[PDB]
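Only one structure is covered here, and it is reproduced in the block below.
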Amino acid sequence: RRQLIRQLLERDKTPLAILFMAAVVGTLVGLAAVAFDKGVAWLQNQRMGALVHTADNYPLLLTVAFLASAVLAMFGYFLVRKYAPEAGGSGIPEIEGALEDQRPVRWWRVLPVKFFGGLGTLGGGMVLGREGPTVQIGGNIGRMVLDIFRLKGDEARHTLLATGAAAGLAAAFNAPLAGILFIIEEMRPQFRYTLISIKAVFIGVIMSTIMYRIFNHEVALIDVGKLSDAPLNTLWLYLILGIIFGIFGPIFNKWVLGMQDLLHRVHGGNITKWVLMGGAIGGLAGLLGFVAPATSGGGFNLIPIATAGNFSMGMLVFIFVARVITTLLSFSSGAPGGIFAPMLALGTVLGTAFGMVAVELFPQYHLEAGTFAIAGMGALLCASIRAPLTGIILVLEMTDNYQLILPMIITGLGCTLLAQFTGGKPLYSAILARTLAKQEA
Amino acid sequence: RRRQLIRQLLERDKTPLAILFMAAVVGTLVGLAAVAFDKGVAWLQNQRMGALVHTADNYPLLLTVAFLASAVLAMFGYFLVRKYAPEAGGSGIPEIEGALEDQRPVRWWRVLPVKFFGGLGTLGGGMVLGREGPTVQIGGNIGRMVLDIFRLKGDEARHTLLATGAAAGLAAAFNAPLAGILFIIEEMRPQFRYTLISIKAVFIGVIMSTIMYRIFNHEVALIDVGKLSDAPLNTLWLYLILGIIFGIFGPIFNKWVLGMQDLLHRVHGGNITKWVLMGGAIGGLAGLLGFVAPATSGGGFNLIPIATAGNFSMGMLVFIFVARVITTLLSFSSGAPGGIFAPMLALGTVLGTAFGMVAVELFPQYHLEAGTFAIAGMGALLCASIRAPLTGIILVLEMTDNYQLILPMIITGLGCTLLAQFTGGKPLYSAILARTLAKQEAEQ
Ligand SMILES: [Cl-]
Ligand SMILES: [Cl-]
Ligand SMILES: [Cl-]
Ligand SMILES: [Cl-]
């Protein structure tokens, strides 16, 4: 008992050496995430350029949309497979295992590989998110300054690695709260005690968010406007949407994990067949990035359109099915990019589809289709990655509609419930469990 | 250990169906309890102010009935605690925190009817207390109650239902579902070792309680401020300075509230009769102040939309601040059933606003609005005293609905916390538990 008394009067006393270093972590992470975010936008801008210069002859621009995206893809697939295998896919599970001290943090390799490799894939128009890169890069950035200044201890090592990935998430969504919550719900060891200073996480999370605020202010990622409020006699509709998401989540997990195996056979582990395969996929998303931009890309461009209900009931189903295919194909192929963002784009489409049904069935509720989208925006995350608390806050920090707080929680929970009862698994813990077992075998 | 991790990773987030349902009934109960308590308090504040009209002529008699009616209810609160549940004294949060560490007993058969009715008299009397203390501790005991009744077993089922009630309690006391959950995973849970708290189950009970609050309390938010202006980048450095001021006042406030507990303990010396009568004084003082200067009594929720707007004078804010400091300590450090959580939101909102007004005249080029600094300083005294910034920032984010000030709310809440450490300040809830848990050993 006396241990606790001694512990209580010493709580929240993180050494100054850690707190100051966390600041320079988030600083670098932000700048890197800023530079990364601009690079893709630049590489996307140039692919857009050659299309105008070759506006005539339909099969020409379709071809040059393929190649430029295919080449950039292969440029990324190779940068990974040669110098840093660990920087393939998201990187979140890699950082997760790194906090459990079950995986290494080779920053000298990860930092240049994940960055430029991300530039190639993301810039090609592939269906990936800035998360994966920024999350892993951030952790390595924080690990880098740990090695350089030669700090010592379990606390100093686990903290700077946490703040690094935290600042990476924030600078990828301008959502500071979403980053910090992600560490204490998904990233930190969910089974044993750790010496992670939440206070230090804040500092790093702030600086990167500040760094993002410096170069992108007054221009939000997603603007949806103020959506209608939600009555109490409507909440039961949001529970159903959760249940639907609750049984589709695990299925998506089977697909994202299964496709990683099926696509693996195509190359068998060979660097050349793999790269060539990525050129087909990378070239595909660039081709689709012309004939149907809704079926490719991060998916952030369709959310405000979908939530506004500007899409049709048929178009949504098309967009949904098509994106599901391209989402798997891109991420499951081991390409350096986040699955975090495209799952935000999926549910927004699925939720809107649910809304347009609820609108015509129950006209008495005076329903706006968009509310089911914002509720269903982070409804796949609460099913796949199994971190509902981080999902809601993140969505809240990008949609700015707190008036739908109870719908968002109900759906996200009715989802997370069924995603347990239907035998689902945390897609980030599952991937880590896959590698950690493939190592001792 | 790797092969042990892989085992756990594939078995992650598989909370038993039993707890998940029992968490639902906890929040359902904690909500219904929190609603009744809230409606009970308001009814008492409604009757006493209905007696100041029946005697609105004889000014001396008016100042007499505003004292006695609040003194009887105060004494009725102090007595119910000092006699049947001494643990129901103070806030109640440190008791639940100690319970999750398995160092304190959760006597729900005593606290539940004591904390509810005891705080009812004090809060309904107009003392500077909050609905937090009652609803949280009551909620925890409510969770503990259904734990003993249905004979649930395990370290997971025990710590969870106690946390769900604690979370469903805070949520129903602010209509802030996200706040109650974060409060459990940042301040309430054991901060030093692993704990089997089903966050998913916390999520369930919180909903049900918040839902129950929605059933009764609709169309009227606890705090309506309105859409404030934005916050430019060149404005951010100011909020940091605001944070530093909070970071050095909180620890001082902690020494006061803790010290005032020791000083007021010399008047009664533990004597039940003296202590109760000491409650009639402060309660009577509060009820009196509730009529001659309302901004010196009550919770303080009413003067938040006002101060944030700017309808108060700088001279008034200085008055309200000091007066509330004196009335809060006097009414909380006395051991009355009630929290210091809510009155520290008012203290911050005022101090925040007063910093805003100064900031405006000194920097008109920024085109400031003193309401920003008010909201940016609302959940700031919590940041310094309680050392639960992630809870405050979100809590304020829920009641004020101003996310465009998330950077200032955080930046202030950082310098607040950073300076709450660099001055030797301790978490107010932890320092209190560390007293009771040490006094429990000091007398053997
Ligand atoms: Cl991965
Ligand atoms: Cl990802
Ligand atoms: Cl207390
Ligand atoms: Cl309190």
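Letters A, B, ... go to the chains of the structure tokens in the order shown; residues in each chain start at 1; ligands are counted from 1 in the same order.
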Return as a tab-separated table the residues of chain A lying at most 8 Å from ligand 1, together with the closest atom-to-atom pair for each and the distance in Å to one decimal, counting only C-alpha atoms and all ligand atoms, with rows in chain order and ascending residue number.
residue	atom	partner	partner_atom_place_in_ligand_line	distance
A:88	CA	ligand 1	1 (Cl)	6.9
A:89	CA	ligand 1	1 (Cl)	4.7
A:90	CA	ligand 1	1 (Cl)	4.4
A:91	CA	ligand 1	1 (Cl)	5.3
A:92	CA	ligand 1	1 (Cl)	6.3
A:93	CA	ligand 1	1 (Cl)	5.5
A:94	CA	ligand 1	1 (Cl)	7.1
A:334	CA	ligand 1	1 (Cl)	7.7
A:428	CA	ligand 1	1 (Cl)	6.8
A:431	CA	ligand 1	1 (Cl)	5.9
A:432	CA	ligand 1	1 (Cl)	7.5
field: Check: which chain A residues lie within 8 Å of chain B using only C-alpha atoms, as an MDAnalysis selection string
entry: chainID A and resid 1:2 5 7:13 102 191:193 199 202:203 206 213:214 232 386 397 400 402 406 409:410 413 420 425:426 429:430 432:433 436:437
Go ahead and save the residues from that selection, with C-alpha atoms, as a compact mmCIF listing (two decimals), in the first residue's frame.
# COMPACT_ATOMS: atom_id res chain seq x y z
CA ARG A 1 0.00 0.00 0.00
CA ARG A 2 2.81 2.40 0.92
CA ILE A 5 1.28 6.58 -1.58
CA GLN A 7 3.61 6.67 -6.38
CA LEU A 8 0.70 9.10 -6.06
CA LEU A 9 2.87 11.96 -4.77
CA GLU A 10 5.21 11.43 -7.73
CA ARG A 11 2.62 11.01 -10.49
CA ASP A 12 2.91 12.92 -13.78
CA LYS A 13 6.56 13.86 -13.25
CA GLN A 102 9.38 -7.23 -30.69
CA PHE A 191 -1.64 -5.92 -22.24
CA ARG A 192 1.21 -4.71 -20.02
CA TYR A 193 2.23 -1.48 -18.29
CA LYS A 199 2.25 14.85 -21.37
CA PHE A 202 0.84 16.33 -26.23
CA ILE A 203 3.90 18.51 -26.89
CA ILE A 206 0.99 20.09 -30.85
CA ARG A 213 -1.33 24.75 -39.54
CA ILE A 214 1.51 26.82 -41.00
CA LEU A 232 -33.98 10.37 -29.94
CA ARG A 386 -10.88 -1.98 -33.43
CA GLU A 397 -12.12 16.67 -35.64
CA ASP A 400 -17.03 19.37 -36.80
CA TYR A 402 -20.69 17.31 -32.38
CA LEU A 406 -24.75 10.14 -29.83
CA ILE A 409 -21.13 6.56 -30.62
CA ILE A 410 -24.15 4.25 -31.01
CA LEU A 413 -20.42 0.70 -30.68
CA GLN A 420 -16.34 -9.11 -31.59
CA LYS A 425 -9.86 -9.19 -34.86
CA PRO A 426 -7.99 -5.88 -34.52
CA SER A 429 -2.87 -6.39 -33.91
CA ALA A 430 -3.68 -9.23 -36.31
CA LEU A 432 1.47 -7.81 -36.08
CA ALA A 433 0.51 -11.29 -34.87
CA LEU A 436 5.63 -12.02 -35.21
CA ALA A 437 4.58 -15.63 -35.86
message: Env of residue 335 in chain B: 10 Å cut, atoms = only C-alpha atoms, seq-sep filter 3 positions within chain, self excluded. Answer as a list in words.
response: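 Near residue 335 in chain B, the qualifying residues are residues 78, 81, 82, 86, 87, 88, 89, 90, 91, 261, 264, 265, 275, 279, 330, 331, 332, 338 and 339 of chain B.
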Neighbour list for residue 370 in chain A as a PyMOL selection string, cut-off 8 Å, only C-alpha atoms, skip fewer than 3 positions in-chain: chain A and resi 227+306-309+352+355+373-374
statement: What separates CA of residue 180 in chain B and CA of residue 242 in chain A is a distance of 21.8 Å
- line: Pairwise distance, CA of residue 167 in chain B with CA of residue 94 in chain B, equals 14.0 Å
Given 9 Å and only C-alpha atoms and all ligand atoms, residues near ligand 2 as number ranges by chain: A: 89-93, 128-133, 135, 331, 337-342, 385, 428
query: If you count only C-alpha atoms and all ligand atoms, which residues end up within 10 Å of ligand 4, as a list in words?
result: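 Result of the 10 Å neighbour search around ligand 4: residues 90, 91, 92, 93, 94, 129, 130, 131, 132, 133, 134, 136, 332, 337, 338, 339, 340, 341, 342, 343, 344, 382, 386, 428 and 429 of chain B.
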